[PDB]
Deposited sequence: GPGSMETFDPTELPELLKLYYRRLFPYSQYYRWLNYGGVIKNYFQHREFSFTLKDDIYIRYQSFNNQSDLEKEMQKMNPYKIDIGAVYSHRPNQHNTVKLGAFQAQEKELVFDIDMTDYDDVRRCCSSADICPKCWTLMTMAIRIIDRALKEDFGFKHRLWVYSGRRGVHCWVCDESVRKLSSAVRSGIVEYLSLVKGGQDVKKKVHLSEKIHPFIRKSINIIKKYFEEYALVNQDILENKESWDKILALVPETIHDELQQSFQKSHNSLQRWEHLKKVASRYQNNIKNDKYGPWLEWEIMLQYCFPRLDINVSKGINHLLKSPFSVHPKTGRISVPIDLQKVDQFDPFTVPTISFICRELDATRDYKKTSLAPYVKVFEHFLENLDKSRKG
């Protein structure tokens, strides 16, 4: 896309919320078939408004109310929270201890910024087609586990609008899970641990680990050795050696002198040994226990507009995950200009992402029978 001009946001958001934001589908999602009384009415939303004012515990009676209020506010940001015991918008007059978060989707947030230590292609602020593969591997690794291991059927993956991806797991039994169970699921999925301060972040037959390695193996040569060139030279192969036990920088150090490029140094490195701890530290999703653990946690809404890149937080088609290109995700300016020429929200580049969302909603409806 063309570089977004954020000075146009106020007028562009007005048009987007008036004519493009997919309210019918969004309500069909969060009302979950209307089978539980007040399920939508007790949903918390939060918004960031004019002047960067943040408000939470907003809630709405039905789709019309949500439309009217979003068109009044034209929010820069929208976050979705839990379903509560009472309407969030009356929480200040609910008795102490009685206002309780009851249900919420299980959510995950993987962001490129947590990989600064293992990519060589970008500054912490950029992404490129080389490092985006990290997100591809994250989706495959996490989605396989959610689908195959946990048996979760209703998984919506969503672009963050800039440099990450989110997952909303929406099964009926999943929305009821306790914070303790959510924590358990995160810890089951986590293998990379340690802040900036930690040089070795992976310490290892765990089936989930083997499964995840086998996914990584399909990408590793092209991603790590060919694209990231994690052994192009000394100050990078060093980083790897920092992960191998006390006593071998020697042999390796000197053969990396002899050997010519990352591919050779790798075929070598393997011979001696570890391989897995390396592959995982470089390729495995880094989670964030925080966002997934709490039933009341707020996460960016699908179909949000990113205030810096202008890009829409679009659903990602899992059947085309390897082809997903954040750089072709439409900006709000792009789709408003399409709408200006076509006069039909169906005749814009948003429509195909709404179709992905509709397939997700159709499966939810089928599950309810």
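- Within the chain's deposited sequence, the coordinate-free stretches run 1 to 4, 209 to 211, 281 to 295, 392 in sequence order.
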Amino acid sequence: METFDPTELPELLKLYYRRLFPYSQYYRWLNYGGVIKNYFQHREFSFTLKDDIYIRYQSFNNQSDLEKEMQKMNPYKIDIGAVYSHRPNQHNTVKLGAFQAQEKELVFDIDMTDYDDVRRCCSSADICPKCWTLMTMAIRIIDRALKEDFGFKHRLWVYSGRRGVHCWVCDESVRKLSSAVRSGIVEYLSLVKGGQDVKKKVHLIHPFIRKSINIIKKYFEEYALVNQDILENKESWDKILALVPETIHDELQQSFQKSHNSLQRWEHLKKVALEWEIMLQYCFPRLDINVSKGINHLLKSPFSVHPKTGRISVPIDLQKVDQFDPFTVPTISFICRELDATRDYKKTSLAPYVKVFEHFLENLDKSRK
From here on, numbers count along this sequence of modelled residues.
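Heads up, when I say rigid core I mean the largest set of C-alphas that superpose within 1.5 Å between the two forms.
- Taking the rigid core as the alignment reference, the C-alpha atoms of 89 to 97 lie farther on average from the displayed form in 7 other deposited structures of this protein than those of the other stretch among 181 to 189 and 89 to 97.
- With 329 to 337 and 49 to 57 as candidates, the stretch whose CA atoms show the greater average offset from this form in 7 other deposited structures of this protein after a core fit is 49 to 57.
- The records show that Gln323 is included in the coordinate set of every other eligible entry of this protein, so it is not omitted in a third of them.
- In at least one third of the other compared structures of this protein with flanking residues present, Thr342 is left unmodelled.
- Stretches 226 to 234 and 252 to 260 differ in mean C-alpha B factor, with the higher average recorded for 252 to 260.
- Of the two segments examined, 122 to 130 and 95 to 103, it is 122 to 130 that shows the higher average Cα temperature factor in the deposited entry.
- The residue among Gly151, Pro245, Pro285, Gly294 whose C-alpha atom has the highest B-factor in the PDB entry is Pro245.
- The PDB entry assigns the greatest CA B-factor among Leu189, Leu204, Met135, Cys170 to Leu204.
- Sort the chain's modelled residues by C-alpha temperature factor and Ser179 lands in the middle third, per the entry.
- In the deposited entry, the Cα temperature factor of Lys72 places it in the middle third of its chain's modelled residues.
- In the deposited entry, the Cα temperature factor of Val321 sits in the middle third of values across the chain's modelled residues.
- Ranked by Cα temperature factor within the chain, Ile36 sits in the middle third according to the deposited record.
- In the deposited entry, the Cα temperature factor of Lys199 sits in the top third of values across the chain's modelled residues.
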